[PDB]
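*Asks:* give me a 3D structure for the following:
(3 chains, ligands or ions: 1)
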Amino acid sequence: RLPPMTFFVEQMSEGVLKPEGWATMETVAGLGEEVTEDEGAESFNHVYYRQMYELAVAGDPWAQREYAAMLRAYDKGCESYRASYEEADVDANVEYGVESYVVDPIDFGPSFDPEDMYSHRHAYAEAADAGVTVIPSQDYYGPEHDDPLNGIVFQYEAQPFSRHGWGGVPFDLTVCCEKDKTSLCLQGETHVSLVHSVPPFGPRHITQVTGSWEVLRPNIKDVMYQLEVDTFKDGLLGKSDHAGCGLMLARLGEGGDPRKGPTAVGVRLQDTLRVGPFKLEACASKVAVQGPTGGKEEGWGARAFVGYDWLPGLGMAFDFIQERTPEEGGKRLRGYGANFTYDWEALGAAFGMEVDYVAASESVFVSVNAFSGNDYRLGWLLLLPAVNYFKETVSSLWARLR
Amino acid sequence: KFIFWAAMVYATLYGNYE
Amino acid sequence: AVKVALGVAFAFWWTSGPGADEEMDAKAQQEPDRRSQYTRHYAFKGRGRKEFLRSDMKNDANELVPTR
Ligand SMILES: [Mg+2]
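*Replies:* Numbering: from 1, shown residues only, chains lettered A, B, ... in the order given. Take a look:
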């Protein structure tokens, strides 16, 4: 009843990742004067002001100066920003009366319907801002004489444990809910990021915790739990080398209870490397799923991208799975594939070519797309399928005349 | 094999710092 | 006039290659489709869920503002 183990292997090996960080309050960072963006400077400032707070509490007049100067800029920026809110409110009360501003209705594409039959239901007053964002969720086949949207997706994002805009624990949450009198869909995801050190206080060392849950009634009558803990550090082999490891646990709770049901355990690695003129990004994973009744099933997956200096326009990627079903001594089931892309410009048009190789069935798939924004010189190949249709028309018109 | 021991080589050397 | 005659005249010769039906069988014999683009999705319903790929995540910047 659990998903196939290739789903877990694909999910645990998808490239070199990068976690969520700290966001800075722009008026207090770079006190008063305008700033620019740089990751190391913001990451330095967030840990620097916590350190200066601890030293200022302990005594230390040089830290007290810095923390008081930050407090002065913080107060000035906050009062300026509430003044901007008051000015915007007065301007809105002048431009409209006691009336409100109204959104655009959603565009669902063409239909055999008058297309403003239900457009008055998606034009509403704004509310402006409350913290969360909502989008409607739509199905593939809607009802015939109505709008197709059925569910609501909520999104929230915050940074709770900060002192004065020097944050702690980036956090976000996403819930999809569809409720009616027949069914119930409830999906959810949460991420929490924890930062251990940034340079020059250390190297960049960040862990990330992800949780997710799946409820779908009355189809499944079991719920799905996943938990991922994964850790990244820049280094471990050389300067600025983005390494990371991680583990994943998953369960199908029977009746909703997370203490009973089949389980899945997996681990993953990522790395980058630069040797010669070849830069490579690789990741690998192993999953040890439990079956419904059969027991251990294990799988291996790996992905690689080989960047190349010379010929900087050729992209090439390689992928591998290995399957180990029971009777493991003679059921090793391999699979590997290759992918190449390139890109030209000719005849006033932009060409892109993609070559794909699956290597189990020895098939080569080539796909070229072109785009001419200048003329219709690219249509000379359109004479190729137009001939054969005629050869399938007269041959029909002969057989329809017999 | 490969992604059990070397999946703990990275875990042990990340524990070696913190 | 000359162009639309010569292009069709060359298409008659080039399209009249030998066999012309074994490659139909070769293309249609692979009823498994071309491999499609991977996305992270939920197990039960397959709605997309968000990704942390480094080459996309390195361009992102956020900030903090006071609330009203
Ligand atoms: Mg949904």
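*Asks:* residues of the stretch 1-150 of chain A that sit close to chain C?
*Replies:* Contact residues (C-beta under 8 Å from any C-beta of the partner chain) of the stretch 1-150 of chain A with chain C: A:3, A:7, A:10-11, A:14-20, A:23-26, A:37, A:78, A:81-82, A:85, A:129, A:131, A:137. For every residue, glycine as well, the C-beta is placed using N, CA and C.
*Asks:* which ones among these are found in strands?
*Replies:* Using DSSP state E to define strands, the subset of the residues of the stretch 1-150 of chain A next to chain C located there is residue A:137.
*Asks:* looks to me like residue A:273 is in a strand.
*Replies:* Yes. Judged by DSSP: H, G, I helix; E, B strand; the rest coil, residue A:273 forms part of a strand.
*Asks:* next, residue A:119: phi, psi?
*Replies:* phi -80, psi -20 (degrees, to the nearest 10).
*Asks:* now it: closest residue in space, sequence neighbours ignored.
*Replies:* residue A:105 (4.4 Å; C-beta to C-beta, 6 or more residues apart in numbering or on different chains).
*Asks:* distance of the one you found from residue A:121?
*Replies:* 8 Å (C-beta to C-beta, to the nearest Å).
*Asks:* higher neighbour count, these two?
*Replies:* residue A:105 (15 against 12; other C-beta atoms under 10 Å in any protein chain shown).
*Asks:* near residue 18, how many other residues are there?
*Replies:* With no chain named, the answer covers chain A. 20.
*Asks:* if you could check chain B rather than the one you did, that'd help
*Replies:* With other C-beta under 10 Å as criterion, residue B:18 counts 11.
*Asks:* now do the SS call for it.
*Replies:* coil.
*Asks:* need the contact list for it.
*Replies:* A:196, A:205 (C-beta atoms under 8 Å, 6 or more residues apart in numbering or on different chains).
*Asks:* surely residue A:196 meets residue A:208?
*Replies:* No. Using C-beta atoms under 8 Å, residue A:196 is not in contact with residue A:208; the gap is 11.5 Å.
*Asks:* if you count what's nearby, which of these two comes out ahead?
*Replies:* Ranked by neighbour count (other C-beta under 10 Å), residue A:196 and residue A:208 place residue A:208 first, with 22 against 16.
*Asks:* wait, that one sits on residue A:193?
*Replies:* Yes. The criterion here is C-beta under 8 Å, and residue A:208 meets it with residue A:193 at 5.2 Å.
*Asks:* the strand or helix carrying residue A:283 near chain B at all?
*Replies:* Under the criterion of DSSP states H and E, residue A:283 resides in strand A:278-290. Yes. Residues of strand A:278-290 contacting chain B under C-beta under 8 Å from any C-beta: A:284, A:285, A:286.
*Asks:* for the last one, grab the count of nearby residues.
*Replies:* Looking back up the chat, that one is residue A:286. Neighbour number of residue A:286 under other C-beta under 10 Å is 26.
*Asks:* my read is that it contacts residue A:264, right?
*Replies:* No. Using C-beta under 8 Å, residue A:286 is not in contact with residue A:264; the gap is 11.6 Å.
*Asks:* the residue of chain B found nearest the ion is in what secondary structure piece?
*Replies:* The nearest approach of chain B to the ion comes at residue B:3, 33.2 Å away (C-beta to the ion). Using DSSP H and E, residue B:3 is not contained in any helix or strand.
*Asks:* from residue A:302, how far off is it?
*Replies:* With C-beta to C-beta as the criterion, residue B:3 and residue A:302 are 9 Å apart.
*Asks:* quickly list what's touching both of these two.
*Replies:* Common neighbours of residue B:3 and residue A:302 (C-beta under 8 Å, 6+ apart) are A:284, A:285.
*Asks:* burial count for residue 26?
*Replies:* No chain in the question, so chain A it is. 16.
*Asks:* um, chain C though
*Replies:* Using other C-beta under 10 Å, residue C:26 has 10 other residues around it.
*Asks:* quick one: contacts for the residue of chain C found nearest chain B?
*Replies:* At 16.9 Å from chain B, residue C:54 is the closest residue in chain C, using C-beta to the nearest C-beta. With contact set as C-beta under 8 Å, 6+ apart, residue C:54 has these partners: A:15, A:16, A:17, A:18, A:242.
*Asks:* correct me, but the first one touches residue A:304?
*Replies:* No. With contact taken as C-beta under 8 Å, residue A:15 and residue A:304 are classed as non-touching, separated by 9.8 Å.
*Asks:* what residues are shared contacts of the two?
*Replies:* Common neighbours of residue A:15 and residue A:304, using C-beta under 8 Å, 6+ apart, are A:281, A:283.
*Asks:* which one's more surrounded, these two?
*Replies:* It is residue A:15, of residue A:15 and residue A:304, that has more neighbours when counted by other C-beta under 10 Å, with 19 against 15.
*Asks:* name the nearest residue to that one, sequence neighbours excluded.
*Replies:* Per C-beta to C-beta, 6+ apart, closest to residue A:15 is residue C:53, 5.3 Å.
*Asks:* show me the contacts for the one you found.
*Replies:* A:14, A:15, A:16, A:17, A:18.
*Asks:* just the buried ones from the residues of the stretch 1-150 of chain A next to chain C?
*Replies:* Buried by 16 or more other C-beta atoms under 10 Å in any protein chain shown: A:10-11, A:14-20, A:23-26, A:78, A:137, out of these.
*Asks:* and of those, the nearest to the ion?
*Replies:* Using C-beta to the ion, these come closest to the ion at residue A:137, 4.4 Å.
*Asks:* right, and that closest one touches residue A:155 too?
*Replies:* No. Using C-beta under 8 Å as the test, residue A:137 is too far from residue A:155 to be in contact (11.9 Å).
*Asks:* show me where chain C has its helices.
*Replies:* C:2-15, C:22-29, C:54-57 (DSSP state H).
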